[PDB]
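*Asks:* Please see the structure below; I have some questions.
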Amino acid sequence: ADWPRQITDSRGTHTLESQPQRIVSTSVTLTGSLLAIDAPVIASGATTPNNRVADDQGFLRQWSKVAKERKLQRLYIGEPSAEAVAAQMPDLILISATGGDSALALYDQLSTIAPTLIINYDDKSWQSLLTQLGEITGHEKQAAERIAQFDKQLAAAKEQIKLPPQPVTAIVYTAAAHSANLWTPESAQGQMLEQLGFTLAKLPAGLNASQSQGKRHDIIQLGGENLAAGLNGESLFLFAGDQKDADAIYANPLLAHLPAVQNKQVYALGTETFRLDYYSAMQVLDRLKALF
Numbered sequence: 003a004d005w006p007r008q009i010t011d012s013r014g015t016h017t018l019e020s021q022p023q024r025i026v027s028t029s030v031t032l033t034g035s036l037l038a039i040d041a042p043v044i045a046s047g048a049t050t051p052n053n054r055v056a057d058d059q060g061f062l063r064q065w066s067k068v069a070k071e072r073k074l075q076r077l078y079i080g081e082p083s084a085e086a087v088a089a090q091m092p093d094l095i096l097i098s099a100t101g102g103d104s105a106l107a108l109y110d111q112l113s114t115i116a117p118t119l120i121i122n123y124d125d126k127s128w129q130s131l132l133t134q135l136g137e138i139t140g141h142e143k144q145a146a147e148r149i150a151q152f153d154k155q156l157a158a159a160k161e162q163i164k165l166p167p168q169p170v171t172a173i174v175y176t177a178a179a180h181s182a183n184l185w186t187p188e189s190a191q192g193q194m195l196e197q198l199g200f201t202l203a204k205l206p207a208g209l210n211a212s213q214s215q216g217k218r219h220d221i222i223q224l225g226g227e228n229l230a231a232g233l234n235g236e237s238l239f240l241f242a243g244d245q246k247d248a249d250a251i252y253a254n255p256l257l258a259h260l261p262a263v264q265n266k267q268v269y270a271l272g273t274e275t276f277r278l279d280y281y282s283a284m285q286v287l288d289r290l291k292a293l294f
């Protein structure tokens, strides 16, 4: 049997009583890395899930886990519920540092249900994040194998394509859902792109509080008409939205006068590429390889 192990966390000092059989999280990146390192999660963050319900997508440990409770599908930030969590009788629960869903108001509710763990949202790319998962016993060697092959693929891929001289950035702006997020070098998405062969810029620290007048060091979320003169617009990447979405977005009269659009310096990360994780990279890499 396996005994308790000290696991590093965002808090300051967290430990594990025993290898948790059930894991609950809302991180898209974590959900992927979990599958890659063989360790599916009962609940994950996403949008209108359907691929998971699909046939044995390769993981047969999801049919039982989900069927064990209430075939609970993937969740999505903005669906807090103590009763719903309890019904899933989970063992390990991950809570985001900050967001729409309060952590303190759930910490007690979650702690009682099961060991409550505090982890920042998007604070470790598939690189460090994957290594953290490997920390598990009998997972290092296997991890190195997967990482080695993955690293090799990226290596050659990096020496196969080269982006023209100039800084690039990635941001998501959608009115439909009425929300937008700006990526950065610190963000997992920025780090991943950097690995592929892209340069990520750091938004100004002055406009940071241009919109969000609180605390969001983890990520920079803006929207004020201060982004026009903020982001140079040398190469803006978009999430689930191909040249089609960008073709329409160019409607924004205020942001229409964006030089990037005029020079058509806008690109997309793919449509179904809504979810961002270790797997998303492979999909993203394929898009880049086909993009050029």
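Just so you know, we're using the numbering used here here: the sequence shown kicks off at 3 and counts up by one.
Don't be surprised by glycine CBs; every beta carbon is placed ideally from N, CA and C.
If you draw a straight line from the C-alpha of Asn234 to the C-alpha of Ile97, how long is it?
*Replies:* 35 Å
*Asks:* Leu224 and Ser212: beta carbons closer than 8 Å?
*Replies:* yes
*Asks:* Count the CB pairs spanning the region 59 to 69 and the region 151 to 163 that are closer than 8 Å, and state whether there are at least three.
*Replies:* The region 59 to 69 is not in contact with the region 151 to 163.
*Asks:* If we ignore side chains and look at the alpha-carbon of each, how far apart do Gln191 and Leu278 end up?
*Replies:* Distance between the alpha carbons of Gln191 and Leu278: 8 Å.
*Asks:* Look up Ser83 in the DSSP assignment and say whether it is helix, strand or coil.
*Replies:* coil
*Asks:* Please classify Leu112: is it buried, with 16 or more other beta-carbons within 10 angstroms of its beta-carbon, or exposed?
*Replies:* buried
*Asks:* Of the residues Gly101, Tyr252, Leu132, which one's Cα is nearest the Cα of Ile39?
*Replies:* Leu132
*Asks:* Determine the extent of the beta strand (DSSP E) in which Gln162 is found, giving its start and end residues.
*Replies:* Counting along the chain, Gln162 falls outside any beta strand (DSSP E), and DSSP gives it neither H nor E.
*Asks:* Where DSSP assigns a beta bridge to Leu119, which residues make up the other side?
*Replies:* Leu96
*Asks:* Between which residues of its own chain and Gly199 is the CB-CB distance below 7 Å, once the five residues before and five after are set aside?
*Replies:* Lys160, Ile163, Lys164, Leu165
*Asks:* Output the boundary residues of the beta strand (DSSP E) element that contains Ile39.
*Replies:* Unbroken run through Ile39: none, as it is neither H nor E.
*Asks:* I need the DSSP call for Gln197, collapsed to helix, strand or coil.
*Replies:* helix
*Asks:* Taking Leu256 as the reference, give the member of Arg72, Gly226, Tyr281, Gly272 with the closest Cα.
*Replies:* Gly226
*Asks:* For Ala182, write down the residues that DSSP places opposite it in a beta bridge.
*Replies:* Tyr175
*Asks:* Would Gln75 and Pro51 qualify as a contact pair, given that the criterion is a beta-carbon distance under 8 Å?
*Replies:* yes
*Asks:* Hey, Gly47 and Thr28 are a contact pair by Cβ (cut 8 Å); roughly how many whole angstroms apart?
*Replies:* 4 Å
*Asks:* Following the continuous alpha helix (DSSP H) through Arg289, name the residue where it begins and the one where it ends.
*Replies:* 280 to 293
*Asks:* So what's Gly272 in DSSP terms, helix, strand or just coil?
*Replies:* strand
*Asks:* Beta carbon of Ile79, beta carbon of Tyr175: below 8 Å?
*Replies:* no
*Asks:* Cβ of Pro92 within 8 Å of Cβ of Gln64?
*Replies:* no
*Asks:* Nearest CA to the CA of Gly216: which residue from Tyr123, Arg54, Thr100?
*Replies:* Among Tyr123, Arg54, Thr100, the Cα nearest to that of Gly216 is on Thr100.
*Asks:* For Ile120 and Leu108, I'd like the C-alpha separation in whole angstroms.
*Replies:* 11 Å
*Asks:* Which two residues bound the contiguous alpha helix (DSSP H) that contains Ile251?
*Replies:* Annotation for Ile251: the continuous alpha helix (DSSP H) segment containing it runs 245 to 251.
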